[PDB]
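In: Give me a 3D structure for the following:
(chains A, B and C)
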Amino acid sequence: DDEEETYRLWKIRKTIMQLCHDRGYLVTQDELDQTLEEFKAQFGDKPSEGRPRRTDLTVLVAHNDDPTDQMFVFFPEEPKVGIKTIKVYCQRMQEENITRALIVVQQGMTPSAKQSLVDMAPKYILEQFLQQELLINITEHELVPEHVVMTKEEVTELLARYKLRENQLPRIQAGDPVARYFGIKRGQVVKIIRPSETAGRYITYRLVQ
Amino acid sequence: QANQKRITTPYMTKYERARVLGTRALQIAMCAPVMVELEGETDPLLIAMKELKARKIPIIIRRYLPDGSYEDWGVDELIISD
Amino acid sequence: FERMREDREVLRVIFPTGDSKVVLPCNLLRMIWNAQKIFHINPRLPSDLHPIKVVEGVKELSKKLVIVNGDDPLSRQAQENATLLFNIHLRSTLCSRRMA
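Out: Numbers count the residues shown, from 1 in each chain, chains lettered A, B, ... in the order given. I have put the structure below:
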């Protein structure tokens, strides 16, 4: 009832740290591999009482290439998140002049809140995640190969090399678990490196849609 | 496309060979001039085949690329494998 | 030897199971046997093949097998990954020690 909640919170934090590290954000090695005991000593083992409360788990990291390019990770306490909570976090971001954020919901999200995640897209690029899908890092799976987000320069060179247009490359849905994990949007190209029993290594490139 | 830098394979494909022998055989059947010797060859197929082995076929293969460009490879520039 | 040790680990990550059976274009063991019979090689007499010629020959051959044409790093990376499994089976079969 309680030891499992703290275990889940720890596992989610570890996965989030791995996710931010994979997106290119500055994450220290200590917090990247934090044991359950270290987490209980830094945060607690009493989430039912409120120690630690989900509001304490808020993370704030900065990009390796740009220090001002920060990103938020919020853990709401209500199972079903409403529009008011999004307004709170959006205002929080406005106050702290941050543009990118993550909402790790417990049960799910209301329709109006999802639409609120779509209308403020050019101003605040904020995403949503379910704690049930964050308890495991999908990139460590054997079926999931190594994905790498390409830069506009690398894509221009790719398209100029094979002499093809963007609509000709294979596609990947923006709602794909890996696409959501790496936080990629339409127009971006993701480079996949997978092992092959015929050539050893195969590099493919997928366009997001 | 710049003929100085042709990216296609230097070998003649099985399909290119098939169509080359076929079209050249048709030409010979229409009384076209022969380039090589004909000691005992009349059947246009055997004549076109000896011409391929001799590498004396006056045909250019226009290999179309997906982008829309093309590379003109002559039968003498390609390496016959079979 | 170091290059073959790196390739050894590359195969360990490619083939996590102990299944060395692989499909490749050219059978090196039969070609080697054919050369043994074509030139009447005596396995009991010393060889006149310098191991440096073996290493240099394998590197030049690996450069002649071109699945992807282009000197740019993107093409060189694709070429290096396409002929990878073959170049590994080649360097492991045409090794200077095995050839000696």
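
In: now the strands for chain B?
Out: Ranges of strands in chain B, per DSSP state E, are B:60-64, B:70-74.

In: Select the longest helix from chain B.
Out: helix B:14-29 (DSSP state H).

In: where's it relative to the chain centroid, distance-wise?
Out: How far helix B:14-29 lies from its chain's middle: 7 Å, per C-alpha atoms, centre = their mean, to the nearest Å.

In: Then stretch A:198-209?
Out: The answer for stretch A:198-209 is 22 Å, by C-alpha atoms, centre = their mean.

In: ok, and what's touching it?
Out: Under the criterion C-beta atoms under 8 Å, 6 or more residues apart in numbering or on different chains, residues A:150, A:158, A:166-167, A:169-174, A:179, A:184-196, C:10-11, C:14, C:23, C:77-78, C:81-86, C:88 lie in contact with stretch A:198-209. The way it works is simple: take the backbone N, C-alpha and C, and place the C-beta from them, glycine included.

In: again, but for stretch B:9-20
Out: B:48, B:52, B:57, B:59, B:61, B:75, B:77, B:78, B:79, B:80, B:81, B:82.

In: Export only the CA atoms of the helix or strand containing residue A:90, formatted as PDB.
Out: In this assignment (DSSP states H and E), residue A:90 forms part of helix A:83-95. Output of helix A:83-95 as PDB, limited to C-alpha atoms (Å, rounded to 0.1, in the frame of the first residue of the first chain):
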ATOM      1  CA  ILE A  83      -7.700  22.100 -17.000                       C
ATOM      2  CA  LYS A  84      -7.100  24.200 -13.800                       C
ATOM      3  CA  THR A  85      -3.900  22.200 -13.000                       C
ATOM      4  CA  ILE A  86      -2.600  22.900 -16.500                       C
ATOM      5  CA  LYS A  87      -3.400  26.600 -16.000                       C
ATOM      6  CA  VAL A  88      -1.400  26.400 -12.800                       C
ATOM      7  CA  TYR A  89       1.600  24.800 -14.500                       C
ATOM      8  CA  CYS A  90       1.400  27.000 -17.600                       C
ATOM      9  CA  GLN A  91       1.400  30.100 -15.400                       C
ATOM     10  CA  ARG A  92       4.200  28.500 -13.400                       C
ATOM     11  CA  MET A  93       6.200  28.300 -16.600                       C
ATOM     12  CA  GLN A  94       5.300  31.800 -17.600                       C
ATOM     13  CA  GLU A  95       6.500  33.000 -14.200                       C
END
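
In: In the sheet, which strands lie alongside the helix or strand following that helix, parallel or antiparallel?
Out: Per DSSP H and E, the first helix or strand lying C-terminal to helix A:83-95 is strand A:100-105. In the sheet, strand A:100-105 lines up against strand A:70-74 (parallel), strand A:125-130 (parallel) (DSSP bridges).

In: Name the residues that touch strand A:100-105?
Out: Residues contacting strand A:100-105 (C-beta under 8 Å, 6+ apart): A:12, A:16, A:69-76, A:79-81, A:86, A:89, A:93, A:109, A:124-131, A:134.

In: That strand to helix A:83-95, inter-axis angle?
Out: 150 degrees (axes from the mean of the first three to the mean of the last three C-alpha atoms, to 10 degrees).

In: Just checking: what are the partner strands of the helix or strand following strand A:100-105?
Out: Per DSSP H and E, the first helix or strand lying C-terminal to strand A:100-105 is strand A:108-109. Paired with strand A:108-109 in the same sheet, following DSSP bridges, are strand A:80-81 (parallel).

In: Tell me the secondary structure of the residue nearest the centre of chain A, please.
Out: The C-alpha lying nearest the average C-alpha coordinate of chain A belongs to residue A:181 (C-alpha atoms, centre = their mean; 4.5 Å). Look at residue A:181: counting by DSSP: H, G, I helix; E, B strand; the rest coil, its state is helix.

In: isn't it right up against residue A:138?
Out: Yes - look at residue A:181 against residue A:138 with C-beta atoms under 8 Å: they come within range, at 6.4 Å.

In: So what's the residue count around the residue in chain A positioned nearest to chain B?
Out: Proximity to chain B, evaluated over chain A using C-beta to the nearest C-beta, is greatest for residue A:163 at 4.2 Å. Here the number of neighbours of residue A:163 (other C-beta atoms under 10 Å in any protein chain shown) works out to 13.

In: separation between it and chain C?
Out: 12 Å (C-beta to the nearest C-beta, to the nearest Å).

In: Can you name the residues of chain A that neighbour chain B?
Out: Chain A comes close to chain B at residues A:163, A:164, as judged by C-beta under 8 Å from any C-beta of the partner chain.

In: got the domain boundaries for chain A?
Out: The record's domain parsing of chain A by CATH domains of a matching chain lists A:1-136, A:137-209.

In: End to end on the shortest one, go ahead and measure it.
Out: By that I understand domain A:137-209. Chord length of domain A:137-209, first to last residue, is 23 Å (C-alpha to C-alpha, to the nearest Å).

In: report the angle between the axes of the helix ranked longest in chain A and strand A:100-105?
Out: The helix spanning the most residues in chain A, taking DSSP H as the definition, is helix A:3-23. Angle, helix A:3-23 to strand A:100-105, by the same axes, to 10 degrees: 160 degrees.

In: how about the strands of chain C, start to end?
Out: Taking DSSP E as the criterion, chain C carries no strands.

In: got the residues of it near chain A?
Out: So far as C-beta under 8 Å from any C-beta goes, chain C lies against chain A at C:10-11, C:13-15, C:22-23, C:70, C:72, C:74-75, C:77-78, C:81-86, C:88.

In: So which bits of stretch A:64-79 are buried?
Out: Across stretch A:64-79, burial judged by 16 or more other C-beta atoms under 10 Å in any protein chain shown covers A:70, A:71, A:72, A:73, A:74, A:75, A:76.

In: cool, and stretch A:124-135?
Out: Here stretch A:124-135 shows A:124, A:126, A:128, A:129, A:131, A:134 as buried, counting by 16+ other C-beta under 10 Å.

In: outside of the helix holding residue A:90, which residues touch it?
Out: A:72, A:74, A:76, A:78, A:99, A:101, A:103, A:110, A:112-113, A:116-117, A:120, A:124, A:126.
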